[PDB]
Structures are given as C-alpha cells and as structure tokens.
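For reference, the structure discussed in these notes is given below.
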Amino acid sequence: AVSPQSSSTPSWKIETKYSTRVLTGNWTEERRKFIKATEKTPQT
Amino acid sequence: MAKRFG
Amino acid sequence: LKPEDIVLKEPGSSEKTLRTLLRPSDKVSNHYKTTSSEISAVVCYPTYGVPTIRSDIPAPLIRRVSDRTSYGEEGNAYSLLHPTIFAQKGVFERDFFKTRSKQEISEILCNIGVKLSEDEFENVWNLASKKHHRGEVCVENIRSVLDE
Amino acid sequence: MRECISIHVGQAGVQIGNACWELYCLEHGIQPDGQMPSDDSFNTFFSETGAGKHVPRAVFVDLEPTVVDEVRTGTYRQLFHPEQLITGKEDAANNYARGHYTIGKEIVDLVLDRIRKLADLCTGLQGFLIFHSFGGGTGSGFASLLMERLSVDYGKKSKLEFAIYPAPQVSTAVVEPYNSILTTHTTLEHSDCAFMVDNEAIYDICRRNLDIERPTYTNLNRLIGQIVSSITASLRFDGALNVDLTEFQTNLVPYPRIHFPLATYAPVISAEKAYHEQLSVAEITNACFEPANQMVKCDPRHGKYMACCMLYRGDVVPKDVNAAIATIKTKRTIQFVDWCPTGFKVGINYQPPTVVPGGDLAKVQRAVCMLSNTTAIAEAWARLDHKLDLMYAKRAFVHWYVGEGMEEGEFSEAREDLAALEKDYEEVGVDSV
Amino acid sequence: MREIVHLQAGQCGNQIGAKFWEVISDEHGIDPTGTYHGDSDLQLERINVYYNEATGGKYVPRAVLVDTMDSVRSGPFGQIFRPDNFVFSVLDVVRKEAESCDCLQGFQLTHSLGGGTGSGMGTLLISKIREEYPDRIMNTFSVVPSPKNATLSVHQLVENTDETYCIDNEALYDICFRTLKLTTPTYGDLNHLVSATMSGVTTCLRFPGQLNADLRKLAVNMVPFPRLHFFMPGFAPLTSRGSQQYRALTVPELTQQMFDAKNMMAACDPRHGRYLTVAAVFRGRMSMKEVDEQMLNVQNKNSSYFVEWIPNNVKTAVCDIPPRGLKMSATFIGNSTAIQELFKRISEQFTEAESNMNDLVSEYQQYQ
Amino acid sequence: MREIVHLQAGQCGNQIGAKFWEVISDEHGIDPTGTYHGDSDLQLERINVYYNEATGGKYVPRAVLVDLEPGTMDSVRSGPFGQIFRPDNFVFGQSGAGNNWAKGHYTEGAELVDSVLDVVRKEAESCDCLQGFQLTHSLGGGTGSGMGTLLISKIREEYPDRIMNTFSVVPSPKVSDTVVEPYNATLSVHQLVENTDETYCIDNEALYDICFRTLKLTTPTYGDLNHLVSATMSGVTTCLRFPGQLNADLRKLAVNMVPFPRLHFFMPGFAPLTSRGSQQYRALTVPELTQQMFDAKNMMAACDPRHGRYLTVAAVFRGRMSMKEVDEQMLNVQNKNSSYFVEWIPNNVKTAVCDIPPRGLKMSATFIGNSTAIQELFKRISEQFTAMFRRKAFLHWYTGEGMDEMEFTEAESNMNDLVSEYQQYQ
Amino acid sequence: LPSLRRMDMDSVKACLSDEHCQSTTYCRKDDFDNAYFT
Ligand SMILES: Nc1nc2c(ncn2[C@@H]2O[C@H](COP(=O)(O)OP(=O)(O)OP(=O)(O)O)[C@@H](O)[C@H]2O)c(=O)[nH]1
Ligand SMILES: Nc1nc2c(ncn2[C@@H]2O[C@H](COP(=O)(O)OP(=O)(O)O)[C@@H](O)[C@H]2O)c(=O)[nH]1
Ligand SMILES: Nc1nc2c(ncn2[C@@H]2O[C@H](COP(=O)(O)OP(=O)(O)O)[C@@H](O)[C@H]2O)c(=O)[nH]1
Ligand SMILES: [Mg+2]
C-alpha cells in the first residue's frame, strides 16, 4: 500500500532497452535533461 | 454488389 | 578537404554525435503528416452582425415616430434623471461637436465674456486645430484648450 | 477564485480535449510553451506556477496510449503536465468488462490521486467536467467507474458530463448498444446532470449551415469546444447575470433520474453567410428552437420541453432577451409541461466569443448556448433499448463480456433499470388533474 | 505495450511472411542490412510491435521460421533476420521471444491448409502456444485449398485460433486476371497482394489515426459466438496499368471496391450467405462524414443480404498513414455465412474431424 | 564560523567524497583549477569552513583521502575535480585489504595510520578553532571498515571534545556484491557506537529506490547516488556557512536529537527531488517539501518508519521562507499521526531555517530522523552473521590475522544490546 | 486597486508579503499624491 505510480516508472524488473525515439517505456522522461531553474544567487 | 460473372 | 562539415547530429536525446543519414528515392515527408497537426493555432478578421447601440449608421435629424433602433444619441438614465444646464435648456452633445468657423468661434468667445486678444486667439485656434486630425475645431475643443 | 477540473477519458475525450484546450489557450493568451506574454480571468483553467508558467487543470487518461503520445509529441507538448497525461498499457477493446473490472481497477488509483493533487491546490473549486463517450470500453467503463469513485470522495460538488451519445441511424461499432446501456445504468446514481451531444447531428449542422462538404472530426470537436467554453463563460468573465456551475443542477433536473438535457449552439454560420444577414437577439434564440439546429438528432415536435437554460454571450442587453423569450413562449408549436410555467433561465456575459484562425466559424458579436431538458430524449432511449432487446434475445456477443469480471445477471438488471427509466419518462408528460 | 510475435509455418507460409516483411520493412523505411534510414519520426515510433533491436540500432524482426530456407536468405530482405530463429525447440525460441517482450498482444501465423507442414506441424504449434499462453489472440492467416489434409486441421483449429482468414488462391488468380490486367501473374504478386491485405489489419498498431482499433478490438467486434471466426479478406484500390489516371481516388470508389465480390479473397458467392459482421479499416485522409455515410448506405439499400438481430453490422477504423504511392486505401475483413460453401465442397471429398466439420457447417447454416 | 575536517577512507568513501567536494565547489563557486569565479560576495566569507587559503587567491579542500591501494586515488586525481585536492593529503598503502576487516584493522591497516594521524594533526592545527570531523566510508568493505574505524578509534583519544560524524554506507539486503559482507558489517558497529556522536545510515538499495520512484532514472550510476548523498551532506552544515533566521550547526543537532549517548543512529533524506518531466511544473512550496520529506520513499535507509516510531526528528530548510508555515506544518504532521512519535517527549521535531538555497533550486530541505525503525537494519546483518558463524564459514581468513573466535561473540552481544535497547521504545 | 481574484491567486502562491499584491504596489507615493479629482 503506497501512492500509486505510473505503469512505466523504472522498477527492478529486467525490461528490454530500446532507443530514445521509439515510445516503449519512460521515454517521456528520458528525452529531456536536468536543467537549472535560477542562476541568480538570492540575497539574505 | 458486383456479382460473380459480372 | 574537410571530410565532415555539419553532418554531426544527435540521434535521440543524448550527448553523443552520429553522422547524417542519406535517403535516396524513398522520402515520405509529404505523405506522413498527421491529423493532430490541424490543431495548431498558436498565440485581422472583421466582426459580423449588428451592434445594439448601432452607432455606425448616421444619426437621424427629424426622428420618425415608428423608429425603434437606437443610435447612441439618446442618453442613459443619468442624463434623463439628472440633466445638466445644457441638457435642461436644449443644447446637447451634437452642438458641442459641430465644426465652427473662426468668425463663429470669435463671436462665441466674445459673447461669453472672456475678451481674448488677437495673438491669444491665434494661439487658442492653433492649439484647437492641433488636437484634431484635420483641423475642424469645435467649441468643446475650444473649452479644452481654454481649461489650462 | 472559481476553479474547474476537466477530466477527459477515452479517445473521444482526448481529441475533444485537444480542441477545447486550443480554444482555451486562444481565449486568454497562453502560449503552447506555457508563457503569458501579457505579464486574471485565466485561473479557472490555468494554474500558475512560480516560474511564470501556467499549467492547465486537465487530466487526460486513456487505456491505449496512442492518442496521448500524439499530445506528448504534438504542438502542445510543453503546455500539459507530463504527470497528468495518464496513459494505460493496452486497450479496453470496446468492452465494459475490461474498462470496469479488470484494467480500470489497476489504474483508478493513479487518476484519483492526481485529481486529489489537482483539487488540493484549488480554493473555490466549482466542480468537475467529465468528457467521455458511450460506445467505448475506456470511454464507458472507466468513466462509469470514475463517477462512482468520485462521488464517495467529494460528494457535494457538481459532477457534469459532456457525452458523445450514440447516433440514431449511423454507428461505428457493433457492441455499442451493450456498453451504452450498461454504463448509463451506473451513471444515473452518481451524476448530477449529463449533457449529451451527437455526432451525426453535428454532421448535418456542418453540411446545412456552414456549407462545408466532408467535415473531419476537427469541425465537430471545435463546435463542442465552443459549447464547452460558452458553458463556463461565467466564472472567467463578468457579465450581468453570472451562472456558475452550481446553478445547472437546481435549474435543469427536477427528478434525479431525469438529468439528461440536450445542447445547442445557435449562430453556426460561415464568413460568407454572416456578411449577408444580420445577427440580432430576436432571431439567434429563434434558431435554437429549430429542430434542425439541435446538435442531437431528435424531434421536439413530439417532445415537451421541461427545463430550459440559455447562456447569452457578447453584445447583448437584457431587454431584447425578454422581448425574444416572450414571443418564443406564446407560440403553440413548442409545448411546455403544465407544472413548469417558469421553464426558463437567463445568463448574460460581457465577453463575445473569439474566432479560431484557420477555423470554420465566423467572428460574430452575440452567441448563445441553450441546454434543453426535453421529454423527446426518451425517443432516443426507446430505439437504443430496442437494440439491446434484439441482440440479447439470443445471447449475441455475451461470451466476450462474462469472461472478464462481468456476470450474466448484469444484463437483466440494467435492462430492467432502463425499463424503469422508460416508464419514468412518461409520468412527467401527462396532463395533471 | 502491444507486441506481435510472428510465426511462419510450412512452405508457402515462409514466402508469405518473408514478403510481408518486405512490405513492413519497406514502409517503415528499414535498410536491408538492418539499419534505419531517417526522414520522419512516425516510422520509428511503434517498431516494438514487430521489431526488436540489436546493438547499434540494427532492427531484427520478431519472427521465427520453421518448415526453401536458403531461398529466403537469398531474397531482398533475407538478411534482416537473426540466424538463431532458423528453427528446422520452436517452443523454446517462441517462449524466449515472448519472455523478452513487455506485454504480448498475440501471435501472427502464416501457413497452409493443404500439406503436411502447415496442417500437421503448425496446428500442433498453435495447440502448444495457446495452452501455454491462454490470454492472447491467435491470428492465423491460412491458405485453403480450392473448393473446385484440410479436414484434419480445421477441427483442431476451431478450438484454438479465434481469429483466422481464408485465402483461396483461385480468388487471387481471379483478381490478377479480371481486375488488374496482368498477363503473367507470379506467385510473388499473389502473395504480395495477400501481404498488402494482411498488413492492412495491423495499421492502428504502428501509426496514429482518428479511430484506433487493435487486433483485439476486431476480435471482440467481429466474433459474436466463440467458433464463428472464419473471415473473408479484401483490399480495394487495385486498378490496371491502363486505368491508372482514370481513377478518382475517393471514398465512393473505395467503398465500391470494398463491397464488390471479385475484390474479395474467398471462392464463395456471398448471396447464398449473409454477412454476420463487417470491418472496413481505412487508411489515409478520409473525411469521416464520407466513410460514415458509405458504411451504412450499403446496409440501407442492400438489406436483404445483411443479417437481422444486429442493428449495425459494420465496424469503422481510420488511420492516418496510407501505403506507398497511394493516398487512400482500406482493408476488408468480414464474417459471412457464405464461408460454408467452401466447406461443403471440402466435406464431399479421422471420423471426428468429419463430424466437427459437419457440426460447424450446420452451425453456420442455422443463422441464415 | 567553525571549520570542519573531512576524511575519506576506502574506495566508496573516496568516490563519495569526490562528489561531495564537487557539489561543495559548485555551491561555493570554485572552478576545478581552484580559483574563485562566483558572483556573490556571500560565497566567500565562510569559505574557511571547508577550504584553506593558498597563495594567489586559490583554495584547497581540507580533505584527507585514505586507501590501502593507489587504485582509486589515481582515478580521483583524473576526475573533473581532481587537481583541486592537495598532493600531500594523499596517503595510500601498497597491498589492498581484499575485503578483510582483520588485516585492515590490525596488520596492514595499522602501520599506515601513523601517516594519516600526522596529516590530520598537520591540517587540524593550522586552523584557529575546530568543530570536528566527517568520515565517509562503507561498513561492508575492508579498507573503510577496518581503517575507517581505527581512524575513529584514534581521533577520539586526541580530540575528545570535538564532534565525530560518520556517513556510513551500511550493506543493503538484496543488492549485495560481497560474500564476506556481514562479517565486516558486524565487526564495525562494535566500535561505531561508543566512539562517535552522529551516524547517518545510507543504503545503496534505498538510493536506487529514490533514483527509480522519484527521479525516474532508468539507468542510474554510482555518480547519481553519490550526488544524492552529497546534497544531503551539504544540507546539514549550511548554517555554519550561510546566514539565516534560525541557525543550527552539528552540535545543535547532537544536543537536539540524541537523548542518550549510545542512541545516535539516524536516517537521512532530501526533500526537493522531482522527475525530469515534472521539474518545471511542480510548485516549490513549504507544504510540498514537508509532505515528501516525511515520505517513506524518500528514505536513504532501507527501513520503513511506519514499522517503527520516531524518537527525534530534524529539519534543516533552505531558501527565502516564512516560518509560520514551518511551525504550522511541523505541528500538523505531529498531530495527524501521533502514533508514529514517542509520547513521553512533548515535541519531537527541531526546526532550522537557512536563507540560501542550492544553485538552480528555489527552496530545499534536508531531513535527519532518529527512529526506532533502524533496528530492522541490525536485525538482518545479525541474522546473516549468526547464520554464517555457526558453520565456521569464511573464518580462517580472519583467524590467521591475529583474531580469535570470541571477538565475534562479543560484537554480536553488543549488537544484540543495540537491538534490544531500540526495542524498548517501540 | 488589485482585484480580489488576483489577491487569492497571489495567496495561493507562497509570497512572503514582498511579492504579494497586498503589501506591494508599483505606483510610488507621487502616484498617490496626484490622485485627486478636483
Ligand atoms: N464528436 C466527436 N466524436 C468522437 C471523436 N473521437 C471519437 N468519437 C466518437 O467516439 C466513438 C468511439 O469512441 P471510443 O470507442 O470510446 O474510442 P476510445 O475512446 O479509444 O475507447 P475504446 O475504443 O474502447 O478504447 C465513435 O463512435 C465516435 O463517434 C471526436 O473527436 N469528436
Ligand atoms: N507466397 C507464395 N505462396 C505460394 C507459393 N507457392 C505456392 N504458394 C501457395 O501454397 C499453396 C500450396 O502449399 P502446400 O501444398 O500446402 O505446401 P506444403 O505444406 O509444403 O505441402 C498454394 O495454394 C499456393 O497458393 C509461393 O512461391 N509464394
Ligand atoms: N552508494 C555507493 N556505494 C558504493 C560506491 N562505490 C562502492 N560502493 C559500495 O561499496 C561496497 C564495496 O565497498 P569496498 O570496495 O569493499 O570498499 P573498500 O573497503 O574501500 O574496499 C559495494 O557493495 C558497493 O555497493 C558509490 O560510489 N556509491
Ligand atoms: Mg480505443
């Protein structure tokens, strides 16, 4: 009993790895990169 | 249709 | 020489590069588009119909008894409940927006009792012509340049 | 702070959602990448984040993926949230059983959770808008399970449905008369009121009014989106008589099993036709009572009107609304039941409808959206129930149903429930003594 | 999501499947050495239905071939396959391929009904993989002998497949003689035609459209009783070389070349029979008003030759990608009680298969 | 202002400290060459906490790297942030431990410790006033488990009044790559209890769990797990380096969390972790940090807090925030499920609010929790140890290094005392 | 001057009375001084 996840979230189960453009599993997350939001240091 | 002989 | 110029592309989304791929005589770009491209309105046209105020047709002068269409010449209930001095004795929005000659304006301004000078009258007339697109001045415009 | 939550289930849900949210981003100035170039009326359909981005209050759920990957890869990929684009793994296969017992069970928890996260951020949330079909598996099974799983959580909040009713003469699938009865049996006990709109009727509207030959689904979905934007015009834009989402229940449905009103949009006209005729208030509402301008193919000449509700929108004053509704009332051709002498509801907005660039409609000054609850809908239910009486008479297509969590007794109980509705719909049509 | 495992059985099944892979690698844009060449992004979207990749992007099809074998590798797309699938232990490779899959949708079978390989080996293969995986759909494309061996396979086929089509090669000859004007019809052209009509029912799997319908939606939408699943394929836009530009490629002409009799792929006149149900999956850019109108106008006027007790016999599915060259195309599958005309001819030419065929014919007979 | 000396023992400790120094130089604005390229004047006043001052305006980290082989020190000298470290702070042995705790503690991990002590005294004396030490190691190895505890057993007897803190990578239940792993896991908690003040238990399985269900990385590496625990490491000394409305150093937490000197086992967590697709779309509010910072899936230790009960709870917050809605929310979480907190203590939660979020983040929060659910972590290492100790399997590798049989039973007795003591609060 | 619906929008986001439209406005004191009618 936990907060329900998607059907494509990475689990420990051995799935077949595909290319980034064929829509098989976790492609919506994999096509994007991690990006910084702000580059301005806040004052105190 | 189109029949068979036609 | 330069064996590679621009041909280095990313295949998927990663950071590693691959050469450019070729395609002779099987390009299907023109025929492989989708229905979902029709919904692509992304952020000119005339508007059709009659307005209720109907302020784009010319005003009537002698109003018919059978006419029902408004024109905006009939004021709201603020005018018909609390008229001003202009309204309560007869002059309206129209006669304040009627073009007047400089002879007419001069007699207007002399009869009121402000006795402008000649150069001052020329300055007032120039400003009042300045606020119009073409130069047709009106008494409202004269009051507006006289306020400051 | 008037919030609305829109849930589009089924492929018919998500294509309609594409058209509706295109119109919605057109009404305000929301760019497809989520930015607002004019930096208040938008927050009903657009939650504002901390980075200047406006995410919509939409939940797209479908069991086969394809039509949701079209949204994830189309022109609106960066507008919608990736997490509220809920996708299944395989298809519901036009089956009530697969959409209500086997496959919808594993995925009802995620959509319920996401709906809860959506409604937690709201303050003055008005209710829900369900977009689904009747002839589908995921449009009829998952929607009918969604309704009964949403009634327990939220309860006293408006639950309004926009449904694609099955067509009278034309059709798409074979097993549709099964899983339309079987989802309207479960809908009746958990839906406040359900607007339903046909597809062949919109075909005849596009052929006869816009002079357009061969319309694709974009035309029907755009007219549906125009209705859906006009029905929520009160929350966003201020008018004279605002009609919020709660007013639809108390003004349309008199008895909790008679919550099916129609829907119609009057000034359906092209650019060439609109220049050649004037659009006054006295005739736009007269087009609403025409049987041929209704967007459901049913004939109201043998159907008594029971509850009527227009939402006027644009350059309208209340006086000619009175002067047109009054002369609508006196005519003997339209018949009202004796016990509803009021029979009318008027709402007025101050914002005229917008036009879609490259669309079919013309930019006009005034538009209405009339929701009619008539007795003539029972004619559609009779011919729709006759199909179930004919097909089930010798057990056609039953073997696909009972092998997926369904039971053989669910056909008879839904049949008798629809018989109960088909005896209930005539007691509101008799003349009292 | 929905993956297909392809099975080729028998002699002619190998050719039919190999040139199915011809077509499928053709309009997906796949280089014969294995790689993909790149124009669009809709081709490489749903290749997991029929292909799984090796290292470096070389796509190998999910096909295992069991019987000739050397002639397949000498063909155009003969090097697309993995060499370990040349099984001539079939259960082992198919269960490994099913285990590597994400969530299987069904199996595709190509074989014949007039020999000791498709009827003997292939029907036992169906009996094994149905028992191992009972929650999938068995799509079997079966070449039947001409009505003008077969008995020993249909009586065990009826219990297993739930989704099968008759090919009737004399009807393919009728096509290529009458409605195509081809003087030298190769076997290759005939089973090219059957590959084109067999890739026409798996279009919603690989390309988006406006009304998607997988093989299971067809399975529920054309099977009213669990044994009547004998269908009757077709493929409409086929015209002669001297009538190429004389065609207005519209929905009306496509509908007429749907519901004609010579275009169909069975050696049976549908007038003794009645169409229990019809599915016409459409490919390309059709306005749905036109498909909508012509998918019931045939029912309204030809009502003496459609079955009662079904208010709507037809099923419409629409994709967005047509085949090569053509812009509008569509595929017919349909259940008719004229199928039994073939079986009445077969039955006239051990005891339990004969009795099963008689009971099946009588079952098709009482609904007509 | 109070400086912290960082020590890296073992290969896992060396990699985890490499990533920790990378995130520290990222948030302080230091290039790999060692100069200063940040824009704020507020990144440079408290740089003495981790960096010394060299000539030319360049900074050197106050780190000591320790291994019994030079295998990973060459890899850490050729990374993206390799040359910033000091060459004299590289103390390495010649013969590897070979995943044996006994020779890493007594025979070949005991003559190298004099050089490490010399370098630690060399840089800990140059500073004006010292807070204490951080140790990064793994209990399942032989270098960071034997030498990583001999360093602890030699630092305390020279600096008794300073804070000793460890970030120990305890063995994971499922993903275990060593056969002799429970032996070195058991023999280290023997002297990890009476010789340190704070211990954070980070499990590799729980980090993979965070990388799967939260960040949605289908192919995570050790670098991403190191980045997660480095973000956790940077979030507990933030009030030393940056000003704020309510500051709290490690002595604050040592006073405010442990009720008894033997109960000092915590579990860490990092609040603002979101998927790549839902990173721009998630509103960063204090309720959002509070809801998922207390979530079971945001645990770096592989023990569910719903099985146990929370003794004391920490919460260090970052950003420009309002502290009515940290008190309100951290009383709300206490009053909603009151069966998950011990009732013989009025509150359980300590609040600390800093002012500067990490770069690229609007708000952030770090979680430190003292729970009775961590006793499950020592109830599995114990069972494996007593399952392997009956059949005398893999024992002759230890007995040949000068170890007797009874140190195993004494360590098991101390570990059973730890388990039983945590039992009484449940 | 700020609309009430805008005030609720600004209250939904966690604005610390310095980005809020409650305590901050873009008009300066000279805008308030010359804001008479006669
Ligand atoms: N007006 C309108 N109707 C649509 C649209 N898309 C689909 N439909 C209708 O939806 C009906 C079939 O939809 P469904 O069977 O529910 O398709 P689905 O939503 O994928 O559900 P399943 O097929 O069971 O997976 C058809 O009869 C169409 O009339 C649309 O975009 N606009
Ligand atoms: N595609 C294709 N089909 C063929 C070819 N040759 C024969 N067929 C079909 O195969 C059927 C006969 O196959 P069959 O005798 O059952 O093969 P067997 O099982 O090995 O005995 C004929 O009806 C033909 O329709 C070919 O070269 N290609
Ligand atoms: N989280 C994490 N764990 C690591 C890393 N490197 C090694 N480990 C773990 O450390 C354990 C082995 O450590 P080991 O090499 O024996 O350390 P040693 O004592 O220096 O030899 C393995 O089980 C790994 O799971 C890392 O970068 N991150
Ligand atoms: Mg569907």
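Numbering, chain E: per Swiss-Prot, residues 1-67, 72-92, 115-174, 184-384, 408-426 in sequence.
Determined by electron microscopy, 3.6 Å, according to the entry header.
Quick reminder: no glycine exception, Cβ is built from N, Cα and C everywhere.
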Per Swiss-Prot, the range holding motif 'MREI motif', considering E:1-4, E:316-319, E:360-363: E:1-4
Site of maximum Cβ density within 10 Å, from modified residues E:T55, E:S172: E:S172
Reduced DSSP assignment, E:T55 (phosphothreonine): helix
DSSP helix/strand/coil residue counts for the motif 'MREI motif' (E:1-4): 0 helix, 2 strand, 2 coil
E:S172 (phosphoserine) and E:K58 (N6-acetyllysine), distance between Cα atoms, whole Å: 41
Neighbour count (Cβ, 10 Å) for E:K58 (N6-acetyllysine): 16
E:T55 (phosphothreonine) versus E:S172 (phosphoserine) - Cα distance in angstrom: 45
DSSP-derived structure type at E:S172 (phosphoserine), helix or strand or else coil: coil
